[PDB]
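Letters A, B, ... are given to chains in the order of the sequence lines, protein chains preceding strands, and every chain is numbered from 1. Counting starts at 1 for both ligands and their atoms, following the listed order.
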Number of protein chains: 2
Amino acid sequence: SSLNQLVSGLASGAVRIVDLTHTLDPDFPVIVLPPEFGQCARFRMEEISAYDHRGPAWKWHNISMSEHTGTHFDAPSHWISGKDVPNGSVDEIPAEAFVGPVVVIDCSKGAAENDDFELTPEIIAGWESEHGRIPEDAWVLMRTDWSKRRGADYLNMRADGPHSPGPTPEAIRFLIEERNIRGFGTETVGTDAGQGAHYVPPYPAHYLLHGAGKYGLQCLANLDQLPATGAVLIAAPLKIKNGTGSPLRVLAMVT
Amino acid sequence: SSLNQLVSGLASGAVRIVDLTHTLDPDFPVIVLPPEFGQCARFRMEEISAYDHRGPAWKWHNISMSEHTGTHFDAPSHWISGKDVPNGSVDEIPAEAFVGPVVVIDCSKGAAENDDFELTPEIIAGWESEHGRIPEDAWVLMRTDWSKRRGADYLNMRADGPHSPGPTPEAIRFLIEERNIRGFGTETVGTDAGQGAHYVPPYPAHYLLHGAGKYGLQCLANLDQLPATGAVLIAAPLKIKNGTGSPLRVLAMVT
Ligand SMILES: Nc1ccccc1C(=O)C(=O)O
Ligand SMILES: Nc1ccccc1C(=O)C(=O)O
Ligand SMILES: [Mn+2]
Ligand SMILES: [Mn+2]
């Protein structure tokens, strides 16, 4: 069966697993919004005990964060457009959605030349002419190697806001309506471009994806280790009651 | 090759995904220790905004918990015996450890008759005469249907402590030394019996497993939906810096 052969492949090294997740720690940046809005929290952790009088033979921590901290998954209820879609929270999404085919569109050269680099319908058509049509219900990842930027360069906040690559409304509408993708993922802090508030509609990845009951992934790492096609993405969010998303361990299995 | 067949199976339903995770919520019980010690925290969440003046077009929460809250994963560094094993924290465990073969030993009839039901080497031997030798580097799950218990029955706290099924020290030692398992999982709050403090060594699942650089899973649900052999477990914990474990979405793929 396919499961027995996956086990054999993982055992022999014919199938490798790539970790697409940033480490959770207090220093990792989270999305920054205008100061009048409630803000996403950074990851924090505190010891309960560390093999001491509070717990002599064990070590463990309390942790705090937001649903949208670090490498994380966005459910449709995250956006106003996904308010009434079925199974809109992370605890309600059907489990078969958490494992599936993934395609990677390499936009890293574009991002290196332009902070606001745009994934367009034209780029998608060019990619498909080379790698074949995007299969239905696939995860689509926009590779930018943005995960290599550290410090203030990662959010890349300027006076007129953050500047980081992302999809145009037309690119997202195409993926949803013409390809019925499962979800869209980025190496940036958001599924939308840094300047994405200024598209029509505002935050089109969030508005259109979540309005269609589709999912988002953000702050992905190591996309440069993945093939354009043929890998399998594992992205199972925490089963948070009525959760709009959660941090998660994103993995890719590759041949 | 094998991944293409997995994709095909997942798409067609020839491969099904079983969700083994309890919902993360304030009311799900966590392990309780003697009062002089630091205690595991319950899951908590608060709204940042809900499509309102705090965040007009979006909804999201801040969340807090322990590494060992709910359906969760225990890394070797959790126990004093595994403090110094290489790759001992959840952020260091090789990603290939997160996907692999799983066997399910059905102890539900026993658990229904005895709150303190013990998984023994003899029971494991009986399981193997029926289902074949436990494969090396496999996840072993102790099924008890304990997850069907709600209210105070789940912790099953009495005047002399909690009473819930678990493995004997000899069982764990056998699985480690004679079968070289990857890890051990249960539907109860701990990988150890409720009365596991009174074994030698105290809490032997933790002491022995984590001492051997092996992993734990706790509070699993729906084990009664899995085959004894043939399934693949997906158990990828959060990439917490120096983390001793984390809540996670545990899944099984079944043919
Ligand atoms: N929470 C948000 C609010 C406004 C704009 C964007 C976002 C995100 O990118 C997010 O989902 O983390
Ligand atoms: N953290 C503990 C401390 C003492 C005994 C048991 C435990 C656990 O079961 C656990 O790892 O969740
Ligand atoms: Mn998000
Ligand atoms: Mn634990």
Within the distance-only criterion (no hydrogens, no angle test), does the side chain of B:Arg182 pair as donor or acceptor with the backbone N or O of B:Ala97 below 3.5 angstrom? yes
State yes or no: are the ring centers of B:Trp60 and A:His68 separated by less than 6.0 Å? yes
Between A:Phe98 and A:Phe73, what is the ring plane arrangement, given parallel below 30°, perpendicular above 60°, and tilted in between? perpendicular
Please tell me whether B:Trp58 and B:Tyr51 form a close aromatic pair, meaning their ring centres lie under 6.0 Å apart. no
In terms of side-chain heavy atoms, does A:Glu187 have a donor or acceptor partner in A:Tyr154 at a distance below 3.5 Å? no
Would B:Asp74 count as a contact residue for ligand 2, given that I'm defining contact as a non-hydrogen atom of the residue lying under 4.0 Å from a ligand atom? yes
Within reach of ligand 2, part of B:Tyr207 (heavy-atom separation under 4.0 Å): neither
Angle subtended at the Mn ion (ligand 4) by NE2 of B:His72 and OE1 of B:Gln218, nearest 10°: 80°
Considering only non-hydrogen protein atoms, determine which one is nearest to atom 4 (C) of ligand 2 and report residue, atom name and distance to 0.1 Å. B:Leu33 CD2, 3.5 Å
Between the side chains of B:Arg42 and B:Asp25, is the shortest nitrogen-to-carboxylate-oxygen separation below 4.0 Å, so that they form an ion pair? no
So which of B:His210, B:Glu67, B:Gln218, B:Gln39 gets nearest to atom 12 (O) of ligand 2, if we judge by its closest heavy atom? B:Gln218
Go through ligand 2 atom by atom and flag the ones less than 4.0 Å from a non-hydrogen atom of B:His72. 12 (O)
Ignoring hydrogens, just give me the one of A:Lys59, B:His78, B:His68 whose non-hydrogen atom is nearest atom 11 (O) of ligand 2. B:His78
Is a donor from one side chain sitting under 3.5 angstrom from an acceptor on the other, for A:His72 and A:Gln218? yes
Look at the rings of B:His206 and B:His78 and say which category their plane angle falls in: under 30° parallel, 30 to 60° tilted, over 60° perpendicular. perpendicular
Do any of the N/O/S atoms of A:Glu67, backbone or side chain, fall under 2.8 Å from the Mn ion (ligand 3)? no
In this structure, is the centre-to-centre distance between the rings of A:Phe43 and A:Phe28 below 6.0 Å? no
In this structure, are over 12 heavy atoms from other groups packed under 6.0 Å from B:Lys148 atom NZ? yes
Which atoms from ligand 2 have a heavy atom of B:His206 less than 4.0 Å away? 8 (C), 9 (O), 10 (C), 11 (O)
Check contact between B:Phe37 and ligand 2, using heavy atoms of the residue and a distance below 4.0 angstrom. no
What N, O or S atom of A:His68 is found closest to the Mn ion (ligand 3)? ND1
Show the atoms of ligand 2 that are less than 4.0 angstrom away from any heavy atom in A:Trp60. 1 (N)
Part of B:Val189 with heavy atoms under 4.0 Å of ligand 2, whether side chain, backbone, both or neither: neither
Can you tell me which residue and heavy atom of the protein come closest to atom 6 (C) of ligand 2, and the distance to 0.1 Å? B:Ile31 CD1, 3.5 Å
With respect to B:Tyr203, determine whether any N or O atom, backbone or side chain, lies less than 3.5 Å from an N or O atom of ligand 2. no
